[PDB]
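Comments concern the structure below.
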Amino acid sequence: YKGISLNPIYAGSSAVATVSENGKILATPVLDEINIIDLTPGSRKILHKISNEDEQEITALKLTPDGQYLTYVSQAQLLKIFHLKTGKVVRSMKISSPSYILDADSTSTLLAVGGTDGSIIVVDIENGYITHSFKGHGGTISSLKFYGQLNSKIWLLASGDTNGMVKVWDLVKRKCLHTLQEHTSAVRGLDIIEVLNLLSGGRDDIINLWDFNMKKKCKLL
Amino acid sequence: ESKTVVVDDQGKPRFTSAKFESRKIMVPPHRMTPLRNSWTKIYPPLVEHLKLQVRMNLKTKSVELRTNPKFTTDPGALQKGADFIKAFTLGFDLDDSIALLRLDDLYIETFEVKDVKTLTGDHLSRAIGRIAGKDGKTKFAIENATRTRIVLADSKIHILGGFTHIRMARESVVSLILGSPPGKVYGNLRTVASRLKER
Amino acid sequence: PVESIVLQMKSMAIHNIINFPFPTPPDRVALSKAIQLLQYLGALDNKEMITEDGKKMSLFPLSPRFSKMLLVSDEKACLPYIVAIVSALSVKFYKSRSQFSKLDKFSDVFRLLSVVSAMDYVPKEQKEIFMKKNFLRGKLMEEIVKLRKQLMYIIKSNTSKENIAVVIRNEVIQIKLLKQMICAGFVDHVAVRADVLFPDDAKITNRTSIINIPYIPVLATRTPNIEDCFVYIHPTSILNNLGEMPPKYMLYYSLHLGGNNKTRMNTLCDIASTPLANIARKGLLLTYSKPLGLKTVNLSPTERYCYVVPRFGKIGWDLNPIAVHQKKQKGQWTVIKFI
Amino acid sequence: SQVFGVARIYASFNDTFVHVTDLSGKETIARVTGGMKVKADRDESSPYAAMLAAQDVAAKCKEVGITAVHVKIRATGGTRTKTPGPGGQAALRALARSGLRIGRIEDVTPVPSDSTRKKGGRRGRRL
Amino acid sequence: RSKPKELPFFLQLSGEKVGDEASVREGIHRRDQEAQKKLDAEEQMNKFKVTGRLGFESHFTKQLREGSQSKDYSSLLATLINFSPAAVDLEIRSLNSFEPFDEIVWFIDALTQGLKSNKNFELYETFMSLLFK
Amino acid sequence: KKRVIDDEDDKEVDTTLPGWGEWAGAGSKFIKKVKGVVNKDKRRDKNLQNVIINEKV
Amino acid sequence: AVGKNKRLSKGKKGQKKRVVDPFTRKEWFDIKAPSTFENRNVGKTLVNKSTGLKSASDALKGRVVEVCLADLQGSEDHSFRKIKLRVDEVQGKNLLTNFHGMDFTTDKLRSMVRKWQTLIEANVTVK
């Protein structure tokens with residue numbers, strides 16, 4: 001008999017699905033593979049399933065707001081960055097900490113990974129080499145966030161801890177700029193908006209807003 | 001590291017690149033005398049092939065294995081050494097505990113005569129007599145048949161080897177405890193050894 | 001810079017370079033000399049296609065010999081010394097010159113290495129008394145330091161090197177590897193001294209200034225006109241009629257004809273057989289011989305080990321026999337690695 | 001610095017549980033079983049079962065973020081055998097290789113002071 | 001037919017050899033010998049280290065090239081007849097085979113001239129058979 | 001002569017067992033004599049130039 | 001067993017979807033020891049939720065944690081000893097604990113008991 005098999009899309013592992021700025025793309029973890037699917041009005045289809053290994057499940061995955069790269073962390077402490085044009089894994093490197101939060105810049109140049117030990121590393125996307133590694137706070141990372149303009153010279157990297165803490169760093173100077181202890185629990189989500197104002201969603205009950213400067217001017221808005 | 005930013009095309013930025021662990025384990029005195037006697041053939045594999053700092057507290061009658069954060073390589077080396085000293089403590093021979101260090105799938109199993117069948121004194125003596133056999137004949141028969149190492153304490157008995165091997169040895173020993181004569185259990189040993197040699 | 005421009009044409013897909021027209025075309029014999037010189041240098045093969053070396057030279061916006069210097073020195077890890085060399089070459093007095101010529105290392109490339117290293121060693125106005133003791137030029141020396149920091153930045157941007165801490169700073173020394181990389185830059189200008197007017201036979205009979213008559217055949221097969229020609233040393237060079245000299249070959253910069261109708265080489269590097277072999281192997285002139293009692297194991301029809309004497313050659317000279325692991329592909333026994 | 005959980009390893013005679021709880025044993029982080037890792041009925045008491053079990057349990061435990069574990073092995077206890085088995089030793093080795101910081105090892109086997117009868121009879125239980 | 005005739009401290013056993021039938025039921029050195037042969041050939045090459053200076057062009061190919069210049073290979077035929085058989089096979093196998101095929105064309109020219117010369121006809125045809133081999 | 005002298009001399013072994021005291025490991029970190037057949041100075045081939053008397057025999 | 005030849009039973013008819021998100025809805029609380037001990041801060045436990053402050057209060061009032069005196073006092077010579085504490089009052093992610101009981105370890109007891117001496121046991125009750 002003829003048979004058409006319909007397969008699941010977002011099944012198994014608890015990692016967020018990601019899309020680019022357009023709805024044309026989506027990336028999803030099934031238990032070991034990352035199905036990429038195009039959504040177009042009407043003609044929604046699949047691109048290609050990547051089949052790294054059936055043993056380890058995908059821990060996290062991120063697709064840049066332009067559909068050019070896919071960065072995914074598996075159960076072994078390594079990140080695999082994979083080209084989307086050719087459909088080929090370009091690089092893969094161990095990180096020695098099980099990463100769970102992946103945040104990419106709006107521009108496709110930087111992407112940062114963060115795990116449980118508290119140390120985070122931010123890698124360049126086009127050339128897979130890590131610029132700098134932050135020791136960070138001693139708590140497990142719960143979120144990160146980027147602030148970068150398209151043509152500027154200042155880049156901010158904010159980390160929301162399992163502790164009620166957000167550490168914002170300069171990137172062009174790599175310094176612990178501001179350590180704001182305000183929540184009581186994990187910082188599930190983060191955000192940075194233009195003037196500076198910073199928002200932080202602490203998972204207990206709180207949405208903090210900080211007026212902020214490059215200099216020591218940072219209080220509770 | 002110095003900190004400067006390079007503005008690429010499309011205005012993109014460009015940057016450039018930038019625990020010890022301890023276990024302790026006791027030793028009973030009747031196995032502390034052979035430990036002192038053959039200690040000099042115990043620590044060389046621990047210090048040379050395992051990279052495991054070894055102390056011995058004779059004031060607490062214990063052996064301590066601490067792994068160094070930088071000198072060691074393998075994580076499981078500490079647990080392998082602890083199982084090594086544990087087998088020698090339970091009373092196996094030195095080369096056999098070295099074999100436990102040498103392989104990765106050797107296991108040690110232990111059970112008792114009252115865990116098989118409650119025996120009261122003189123019958124228990126005769127049961128250990130039937131297990132041991134005249135000059136260890138039946139015991140070494142089980143050894144050579146199933147490729148294991150058997151140690152008979154006062155009541156507790158210990159079997160070292162692979163999983164299925166110590167399973168078959170346990171079957172033969174338990175039949176010996178329940179009272180199968182050594183002739184019948186020896187026939188069963190040579191049958192299981194025939195099929196194990198064939199496979 | 002016709003070598004670099006034909007390199008640009010090759011790296012940007014001009015495959016009929018003689019037939020390629022210009023409004024004002026250069027000399028065709030000159031451009032063919034450029035083709036054969038880059039084919040010898042290794043940017044191009046015998047069938048005129050580009051190599052990975054040629055791709056790197058096309059990304060490098062500078063001369064092919066100097067970019068060869070930089071590539072092989074990025075491999076053998078002597079970057080501050082080599083960038084000092086290329087910057088200096090692009091942009092008692094006798095006691096001081098001997099002290100900074102630094103016996104035994106005879107080459108004035110190493111002498112000026114000692115100059116630039118002692119210059120960055122010494123602080124201020126003792127700098128000035130140093131350069132008046134050594135009759136140098138402080139303006140040329142600061143030109144050296146600014147140009148070497150500039151080319152450091154250039155090859156960092158071309159990413160042939162590893163850079164941490166993005167801003168670029170300038171900083172026994174393996175003299176065999178140094179003269180090897182200088183050979184890689186200085187081919188094809190080879191010369192080899194000859195018996196017996198050069199060695200200690202010529203220790204007669206002047207006092208306080210002895211002359212040891214330089215008798216050296218120059219060779220280059222890409223320049224068959226000056227191939228195998230008797231040359232004499234340049235007097236301003238520190239090897240001015242010196243003697244008791246251990247090695248045999250010198251790679252020079254350029255020949256020039258001067259007084260008494262006498263030709264002279266500009267600057268020298270003292271080299272021997274296996275560095276010539278390695279560099280010409282990476283290049284083109286090592287036409288090999290049939291193997292040869294010594295065994296010649298043949299693993300596969302493609303692959304073998306063998307003892308070959310190579311020829312550096314209107315004739316050339318040959319060298320030692322070397323054991324070589326060579327492969328047969330495309331109807332020839334090309335060489336992978338030395339032994 | 002670190003954070004500690006209690007890995008209770010029940011090495012049954014024909015099964016293996018690797019149950020990780022927090023301190024005080026109230027909140028259970030993860031729990032597996034030998035058969036559930038390896039789908040057979042012989043192999044529910046295997047070192048291979050225990051290895052797969054401890055690997056996935058260490059995965060879940062590092063997911064929650066607990067770096068170090070005290071470990072409490074256990075046999076079946078009761079009037080049955082009182083010594084932890086090859087499954088338990090295998091689970092312990094697999095945890096140590098999986099890389100949780102092992103803090104302290106205990107053997108809490110329920111040893112009856114004066115037990116009742118056992119399941120066998122007068123002739124002997126097995127074989 | 002005449003060539004002559006002639007441990008780790010951490011053992012690595014498998015789930016069938018040790019008693020691991022669970023891993024059997026769910027079961028999931030030639031390159032070492034190749035590297036070893038590379039090592040033995042390397043031993044041969046570093047073993048023989050005679051530095052006697054020998055000529056670049058061998059006598060056979062020099063005489064062949066001279067015969068091709070002179071458009072007559074009489075001396076080449078002479079030394080070919082006078083060669084030892086092992087030398088014949090080594091040189092014939094170590095001819096050069098490039099895109100212009102100069103050496104092979106000269107060799108065939110020499111053998112044609114020899115078969116016209118009508119002496120040692122057996123040897124000239126067995127030379128050509130060896131070339132086709 | 002040196003062979004037989006080192007043969008017959010009184011030995012001094014070091015029975016220091018690494019272990020019992022402190023950490024005897026790869027990272028960082030009890031002498032008894034046994035009388036031979038003769039002492040080196042009690043031999044009767046000293047002061048003789050070319051004579052080797054074996055006291056063990 | 002999760003094998004395809006595992007014969008189906010009544011068993012797995014109606015399941016539930018794993019959407020409870022348990023270790024996101026649960027909450028970590030640090031416990032602390034009485035001032036009699038040296039290093040009081042030890043570990044963190046897991047509270048089920050925070051909608052019920054009554055739930056947090058009752059669970060933490062029922063908590064009975066257990067530690068060993070070696071890790072509690074920094075001197076590893078108290079390896080064999082072990083205490084049990086129970087938490088009775090909470091204050092803002094920090095718990096105050098008090099003494100509840102004591103024990104040795106069974107390996108120490110078995111290593112103490114030897115074969116050529118008599119054992120004497122005293123069993124008193126007091127207030």
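A note on labels: chains of the structure tokens are A, B, ... as shown, every chain counts residues from 1, and ligands are counted from 1 in their shown order.
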Worksheet item: Which of chain F counts as strand (DSSP E or B) under DSSP, as number ranges by chain please?
Response: F: 11-14, 24, 31-34
Write out, as a PDB file, in the first residue's frame, the residues just selected, with N, CA and C atoms.
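Writing the result to part.pdb gives the following:
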```pdb
ATOM      1  N   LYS F  11      75.847  -5.293  53.308  1.00  0.00           N
ATOM      2  CA  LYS F  11      74.889  -4.472  52.587  1.00  0.00           C
ATOM      3  C   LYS F  11      74.102  -3.602  53.555  1.00  0.00           C
ATOM      4  N   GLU F  12      73.549  -2.513  53.028  1.00  0.00           N
ATOM      5  CA  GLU F  12      72.722  -1.601  53.810  1.00  0.00           C
ATOM      6  C   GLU F  12      71.489  -1.261  52.990  1.00  0.00           C
ATOM      7  N   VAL F  13      70.365  -1.875  53.325  1.00  0.00           N
ATOM      8  CA  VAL F  13      69.134  -1.677  52.579  1.00  0.00           C
ATOM      9  C   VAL F  13      68.283  -0.629  53.279  1.00  0.00           C
ATOM     10  N   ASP F  14      67.451   0.037  52.487  1.00  0.00           N
ATOM     11  CA  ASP F  14      66.546   1.073  52.963  1.00  0.00           C
ATOM     12  C   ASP F  14      65.135   0.511  52.890  1.00  0.00           C
ATOM     13  N   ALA F  24      52.334   9.805  49.749  1.00  0.00           N
ATOM     14  CA  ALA F  24      53.308   9.308  48.788  1.00  0.00           C
ATOM     15  C   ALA F  24      52.596   9.206  47.447  1.00  0.00           C
ATOM     16  N   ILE F  31      66.144   2.300  57.917  1.00  0.00           N
ATOM     17  CA  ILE F  31      67.321   1.809  57.206  1.00  0.00           C
ATOM     18  C   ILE F  31      67.973   0.722  58.048  1.00  0.00           C
ATOM     19  N   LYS F  32      68.212  -0.447  57.450  1.00  0.00           N
ATOM     20  CA  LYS F  32      68.812  -1.554  58.181  1.00  0.00           C
ATOM     21  C   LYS F  32      69.952  -2.164  57.381  1.00  0.00           C
ATOM     22  N   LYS F  33      70.978  -2.615  58.094  1.00  0.00           N
ATOM     23  CA  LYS F  33      72.150  -3.222  57.487  1.00  0.00           C
ATOM     24  C   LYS F  33      72.130  -4.725  57.711  1.00  0.00           C
ATOM     25  N   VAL F  34      72.577  -5.468  56.707  1.00  0.00           N
ATOM     26  CA  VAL F  34      72.775  -6.906  56.820  1.00  0.00           C
ATOM     27  C   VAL F  34      74.261  -7.185  56.643  1.00  0.00           C
TER      28      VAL F  34
END
```
Worksheet item: For chain B, which residues have at least one atom within 8 Å of chain A, if we go by only C-alpha atoms? Write them as a list in words, please.
Response: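 Residues passing the distance filter: residues 3, 4, 5, 7, 10, 11, 12, 13, 15, 16, 17 and 18 of chain B.
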Written file, previous selection with C-alpha atoms, as a CSV table (one decimal), in the first residue's frame:
```csv
chain,number,residue,atom,x,y,z
B,3,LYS,CA,40.6,45.9,24.4
B,4,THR,CA,40.0,47.6,21.1
B,5,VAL,CA,37.2,47.3,18.6
B,7,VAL,CA,34.5,48.0,12.7
B,10,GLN,CA,28.3,46.5,7.4
B,11,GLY,CA,29.5,48.2,10.6
B,12,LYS,CA,30.0,44.9,12.3
B,13,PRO,CA,32.4,44.7,15.3
B,15,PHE,CA,37.4,41.4,18.5
B,16,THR,CA,40.2,38.8,19.0
B,17,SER,CA,40.6,35.8,21.3
B,18,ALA,CA,41.5,35.9,25.0
```
Discussion item. If I take CA of residue 61 in chain C and CA of residue 154 in chain C, how far is one from the other in Å, to one decimal?
Written reply: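 Taking CA of residue 61 in chain C and CA of residue 154 in chain C, their separation equals 8.7 Å.
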Practice prompt. Select all residues from chain E having any atom no more than 9 Å from an atom of chain C (counting only C-alpha atoms, ignoring ligands), output as a ChimeraX atom specification.
Written response: /E:37-38,41-42,44-46,48-58,94-99
Given the selection you just returned, output its residues as a file containing N, CA, C and O atoms, formatted as a compact mmCIF listing (two decimals), in the first residue's frame.
```
# COMPACT_ATOMS: atom_id res chain seq x y z
N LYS E 37 54.47 -0.27 8.70
CA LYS E 37 55.24 -0.44 7.46
C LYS E 37 55.92 0.86 7.06
O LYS E 37 57.07 0.84 6.59
N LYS E 38 55.23 1.98 7.23
CA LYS E 38 55.86 3.28 7.04
C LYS E 38 57.07 3.44 7.96
O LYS E 38 58.11 3.95 7.55
N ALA E 41 60.01 1.24 6.64
CA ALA E 41 60.66 1.88 5.50
C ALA E 41 61.45 3.10 5.94
O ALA E 41 62.54 3.35 5.41
N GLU E 42 60.95 3.83 6.93
CA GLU E 42 61.71 4.94 7.50
C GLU E 42 62.98 4.44 8.16
O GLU E 42 64.03 5.09 8.09
N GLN E 44 64.66 1.80 7.21
CA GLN E 44 65.58 1.49 6.11
C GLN E 44 66.25 2.75 5.58
O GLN E 44 67.47 2.78 5.35
N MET E 45 65.47 3.82 5.42
CA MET E 45 66.01 5.06 4.87
C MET E 45 66.99 5.74 5.81
O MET E 45 68.02 6.25 5.37
N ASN E 46 66.70 5.78 7.11
CA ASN E 46 67.67 6.37 8.02
C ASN E 46 68.84 5.42 8.28
O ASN E 46 69.91 5.87 8.69
N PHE E 48 70.40 3.44 5.87
CA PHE E 48 71.36 3.71 4.80
C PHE E 48 71.60 5.22 4.71
O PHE E 48 70.68 5.98 4.40
N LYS E 49 72.82 5.65 5.01
CA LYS E 49 73.14 7.08 5.01
C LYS E 49 74.49 7.34 4.37
O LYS E 49 75.30 8.12 4.88
N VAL E 50 74.76 6.69 3.24
CA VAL E 50 76.03 6.91 2.55
C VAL E 50 75.97 8.26 1.83
O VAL E 50 75.04 8.54 1.07
N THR E 51 76.98 9.09 2.08
CA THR E 51 77.04 10.44 1.53
C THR E 51 78.03 10.57 0.38
O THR E 51 78.52 11.68 0.12
N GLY E 52 78.36 9.47 -0.29
CA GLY E 52 79.25 9.54 -1.44
C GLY E 52 78.58 10.29 -2.58
O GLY E 52 77.42 10.04 -2.91
N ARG E 53 79.32 11.22 -3.18
CA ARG E 53 78.76 12.09 -4.21
C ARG E 53 78.70 11.32 -5.53
O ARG E 53 79.74 11.00 -6.12
N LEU E 54 77.49 11.04 -5.99
CA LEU E 54 77.27 10.32 -7.24
C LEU E 54 76.71 11.27 -8.29
O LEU E 54 76.17 12.33 -7.96
N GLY E 55 76.85 10.88 -9.55
CA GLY E 55 76.42 11.73 -10.64
C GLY E 55 74.91 11.87 -10.71
O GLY E 55 74.15 11.02 -10.24
N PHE E 56 74.47 12.97 -11.31
CA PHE E 56 73.04 13.23 -11.46
C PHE E 56 72.43 12.31 -12.50
O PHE E 56 71.53 11.52 -12.21
N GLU E 57 72.92 12.39 -13.74
CA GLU E 57 72.39 11.60 -14.84
C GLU E 57 73.08 10.24 -14.86
O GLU E 57 74.31 10.16 -14.81
N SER E 58 72.28 9.17 -14.93
CA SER E 58 72.86 7.84 -14.98
C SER E 58 73.44 7.58 -16.37
O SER E 58 73.15 8.27 -17.35
N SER E 94 62.27 2.02 -14.64
CA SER E 94 62.52 3.42 -14.28
C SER E 94 62.91 4.25 -15.49
O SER E 94 63.85 5.03 -15.45
N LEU E 95 62.18 4.09 -16.58
CA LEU E 95 62.13 5.14 -17.58
C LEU E 95 61.26 6.29 -17.06
O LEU E 95 60.59 6.17 -16.04
N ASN E 96 61.27 7.40 -17.78
CA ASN E 96 60.44 8.55 -17.44
C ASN E 96 59.30 8.66 -18.44
O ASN E 96 59.51 8.54 -19.65
N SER E 97 58.09 8.89 -17.92
CA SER E 97 56.87 8.90 -18.73
C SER E 97 56.13 10.21 -18.46
O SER E 97 55.22 10.27 -17.64
N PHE E 98 56.52 11.26 -19.18
CA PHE E 98 55.88 12.56 -19.09
C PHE E 98 55.01 12.79 -20.32
O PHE E 98 54.87 11.93 -21.19
N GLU E 99 54.44 13.98 -20.39
CA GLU E 99 53.55 14.40 -21.47
C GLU E 99 54.22 14.50 -22.84
O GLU E 99 53.55 14.23 -23.84
```
Chain D residues within 6 Å of chain G, counting only C-alpha atoms: which ones, as a PDB file with C-alpha atoms, in the first residue's frame?
```pdb
ATOM      1  CA  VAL D   3      25.566  22.410  45.828  1.00  0.00           C
ATOM      2  CA  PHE D   4      24.902  18.917  47.142  1.00  0.00           C
ATOM      3  CA  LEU D  23      18.826  17.004  51.131  1.00  0.00           C
ATOM      4  CA  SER D  24      16.243  15.580  53.583  1.00  0.00           C
ATOM      5  CA  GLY D  35      14.766  -1.932  32.484  1.00  0.00           C
ATOM      6  CA  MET D  36      13.439   1.498  31.515  1.00  0.00           C
ATOM      7  CA  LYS D  39      14.284  -2.562  27.276  1.00  0.00           C
ATOM      8  CA  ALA D  40      14.668  -6.177  28.293  1.00  0.00           C
TER       9      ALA D  40
END
```
Discussion item. Would you pick out the contacts of residue 84 in chain A at 7 Å or less, using only C-alpha atoms, so that residues sharing its chain but fewer than 5 positions from it are not included, and give the list as number ranges by chain?
Written reply: A: 68-70
Worksheet item: Quick one: residues within 12 Å of range 105-122 of chain E, only C-alpha atoms counted, chain neighbours fewer than 2 positions away excluded, as an MDAnalysis selection string?
Response: chainID E and resid 60:61 63:78 80:82 91:92 95:103 124:132
Closest atom pairs, chain B residues within 8 Å of chain F, only C-alpha atoms, as a tab-separated table:
```
residue	atom	partner	partner_atom	distance
B:39	CA	F:17	CA	7.9
B:40	CA	F:17	CA	6.9
B:47	CA	F:26	CA	5.7
B:48	CA	F:26	CA	7.4
B:51	CA	F:26	CA	6.0
B:52	CA	F:25	CA	6.3
B:53	CA	F:25	CA	3.7
B:54	CA	F:25	CA	5.5
B:55	CA	F:23	CA	4.6
B:56	CA	F:20	CA	4.8
B:57	CA	F:20	CA	6.3
B:58	CA	F:20	CA	6.5
B:68	CA	F:27	CA	6.7
B:71	CA	F:27	CA	6.4
```
Take the selection from the previous step and output its residues with N, CA and C atoms, as a PDB file, in the first residue's frame.
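Written output follows (part04.pdb):
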```
ATOM      1  N   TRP B  39      52.761  -4.328  50.664  1.00  0.00           N
ATOM      2  CA  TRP B  39      52.406  -2.963  50.305  1.00  0.00           C
ATOM      3  C   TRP B  39      53.233  -2.448  49.142  1.00  0.00           C
ATOM      4  N   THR B  40      54.501  -2.846  49.061  1.00  0.00           N
ATOM      5  CA  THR B  40      55.400  -2.302  48.054  1.00  0.00           C
ATOM      6  C   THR B  40      55.020  -2.695  46.636  1.00  0.00           C
ATOM      7  N   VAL B  47      50.361   4.875  41.685  1.00  0.00           N
ATOM      8  CA  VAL B  47      51.037   6.150  41.510  1.00  0.00           C
ATOM      9  C   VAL B  47      51.563   6.328  40.093  1.00  0.00           C
ATOM     10  N   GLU B  48      51.721   5.252  39.330  1.00  0.00           N
ATOM     11  CA  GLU B  48      52.376   5.339  38.033  1.00  0.00           C
ATOM     12  C   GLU B  48      51.422   5.233  36.859  1.00  0.00           C
ATOM     13  N   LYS B  51      47.901   7.809  38.497  1.00  0.00           N
ATOM     14  CA  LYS B  51      48.160   9.176  38.955  1.00  0.00           C
ATOM     15  C   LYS B  51      47.262   9.526  40.145  1.00  0.00           C
ATOM     16  N   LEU B  52      47.524   8.829  41.245  1.00  0.00           N
ATOM     17  CA  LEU B  52      46.640   8.840  42.404  1.00  0.00           C
ATOM     18  C   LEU B  52      47.498   8.925  43.657  1.00  0.00           C
ATOM     19  N   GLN B  53      47.475  10.067  44.345  1.00  0.00           N
ATOM     20  CA  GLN B  53      48.236  10.211  45.577  1.00  0.00           C
ATOM     21  C   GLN B  53      47.665   9.301  46.651  1.00  0.00           C
ATOM     22  N   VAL B  54      48.527   8.517  47.287  1.00  0.00           N
ATOM     23  CA  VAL B  54      48.102   7.517  48.255  1.00  0.00           C
ATOM     24  C   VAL B  54      48.739   7.829  49.597  1.00  0.00           C
ATOM     25  N   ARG B  55      47.920   7.860  50.638  1.00  0.00           N
ATOM     26  CA  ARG B  55      48.390   7.868  52.009  1.00  0.00           C
ATOM     27  C   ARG B  55      47.824   6.647  52.712  1.00  0.00           C
ATOM     28  N   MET B  56      48.421   6.298  53.843  1.00  0.00           N
ATOM     29  CA  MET B  56      47.871   5.254  54.696  1.00  0.00           C
ATOM     30  C   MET B  56      47.911   5.749  56.131  1.00  0.00           C
ATOM     31  N   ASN B  57      46.742   5.972  56.713  1.00  0.00           N
ATOM     32  CA  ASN B  57      46.645   6.336  58.118  1.00  0.00           C
ATOM     33  C   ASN B  57      46.650   5.053  58.926  1.00  0.00           C
ATOM     34  N   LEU B  58      47.785   4.756  59.552  1.00  0.00           N
ATOM     35  CA  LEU B  58      47.857   3.614  60.444  1.00  0.00           C
ATOM     36  C   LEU B  58      47.261   3.914  61.808  1.00  0.00           C
ATOM     37  N   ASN B  68      44.824  14.591  42.480  1.00  0.00           N
ATOM     38  CA  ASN B  68      45.420  15.881  42.179  1.00  0.00           C
ATOM     39  C   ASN B  68      44.713  16.521  40.995  1.00  0.00           C
ATOM     40  N   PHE B  71      47.700  16.598  37.823  1.00  0.00           N
ATOM     41  CA  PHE B  71      48.581  15.511  37.420  1.00  0.00           C
ATOM     42  C   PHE B  71      47.800  14.355  36.814  1.00  0.00           C
TER      43      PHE B  71
END
```
Item to complete: Write out as JSON, numbers by chain each polymer residue whose atoms come within 12 Å of residue 3 in chain F, counting only C-alpha atoms; drop sequence neighbours fewer than 4 positions from it.
Response: {"F": [7, 8, 9, 52, 54]}
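Across the model, the gap from CA of residue 100 in chain C to CA of residue 197 in chain C is 28.2 Å.
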Discussion item. Using only C-alpha atoms and a distance of at most 12 Å, pull out the residues of chain G that contact chain B, as a VMD selection string.
Written reply: chain G and resid 76 to 80 107 to 108 110 to 115
Could you please take those selected residues and save N, CA, C and O atoms as an mmCIF file, in the first residue's frame?
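Result went into result.cif, see below:
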```
data_model
loop_
_atom_site.group_PDB
_atom_site.id
_atom_site.type_symbol
_atom_site.label_atom_id
_atom_site.label_comp_id
_atom_site.auth_asym_id
_atom_site.auth_seq_id
_atom_site.Cartn_x
_atom_site.Cartn_y
_atom_site.Cartn_z
ATOM 1 N N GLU G 76 37.904 16.326 59.485
ATOM 2 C CA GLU G 76 37.436 15.096 58.861
ATOM 3 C C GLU G 76 37.625 13.874 59.745
ATOM 4 O O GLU G 76 37.322 12.760 59.310
ATOM 5 N N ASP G 77 38.114 14.053 60.970
ATOM 6 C CA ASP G 77 38.234 12.948 61.905
ATOM 7 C C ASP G 77 36.899 12.556 62.517
ATOM 8 O O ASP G 77 36.799 11.483 63.117
ATOM 9 N N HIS G 78 35.876 13.392 62.386
ATOM 10 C CA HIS G 78 34.522 12.982 62.746
ATOM 11 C C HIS G 78 33.800 12.405 61.538
ATOM 12 O O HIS G 78 32.662 12.760 61.247
ATOM 13 N N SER G 79 34.458 11.492 60.831
ATOM 14 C CA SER G 79 33.861 10.952 59.619
ATOM 15 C C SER G 79 32.712 10.019 59.952
ATOM 16 O O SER G 79 31.684 10.020 59.269
ATOM 17 N N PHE G 80 32.859 9.238 61.016
ATOM 18 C CA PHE G 80 31.875 8.216 61.327
ATOM 19 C C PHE G 80 30.598 8.802 61.902
ATOM 20 O O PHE G 80 29.522 8.221 61.726
ATOM 21 N N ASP G 107 29.363 1.154 58.580
ATOM 22 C CA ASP G 107 30.707 0.652 58.345
ATOM 23 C C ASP G 107 31.571 0.815 59.583
ATOM 24 O O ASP G 107 32.351 -0.081 59.922
ATOM 25 N N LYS G 108 31.418 1.936 60.291
ATOM 26 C CA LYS G 108 32.157 2.125 61.532
ATOM 27 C C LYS G 108 31.711 1.134 62.593
ATOM 28 O O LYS G 108 32.543 0.594 63.327
ATOM 29 N N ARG G 110 30.415 -1.913 62.105
ATOM 30 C CA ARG G 110 30.913 -3.230 61.739
ATOM 31 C C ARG G 110 32.418 -3.336 61.925
ATOM 32 O O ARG G 110 32.915 -4.398 62.312
ATOM 33 N N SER G 111 33.157 -2.259 61.672
ATOM 34 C CA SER G 111 34.587 -2.277 61.928
ATOM 35 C C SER G 111 34.915 -2.245 63.410
ATOM 36 O O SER G 111 35.995 -2.694 63.800
ATOM 37 N N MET G 112 34.020 -1.713 64.241
ATOM 38 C CA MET G 112 34.251 -1.763 65.678
ATOM 39 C C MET G 112 34.054 -3.169 66.215
ATOM 40 O O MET G 112 34.847 -3.635 67.039
ATOM 41 N N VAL G 113 33.005 -3.858 65.769
ATOM 42 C CA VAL G 113 32.694 -5.165 66.343
ATOM 43 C C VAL G 113 33.740 -6.184 65.907
ATOM 44 O O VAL G 113 33.937 -6.420 64.711
ATOM 45 N N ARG G 114 34.412 -6.791 66.882
ATOM 46 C CA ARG G 114 35.450 -7.797 66.681
ATOM 47 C C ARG G 114 35.025 -9.107 67.332
ATOM 48 O O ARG G 114 33.969 -9.196 67.946
ATOM 49 N N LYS G 115 35.883 -10.120 67.239
ATOM 50 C CA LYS G 115 35.475 -11.489 67.518
ATOM 51 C C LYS G 115 36.071 -12.072 68.797
ATOM 52 O O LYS G 115 35.811 -13.232 69.108
#
```
Worksheet item: Using only C-alpha atoms, which of the listed residues (D:46, D:55, D:76, D:116) sits closest to chain B?
Response: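 Among D:46, D:55, D:76, D:116, it is D:46 that comes nearest to chain B.
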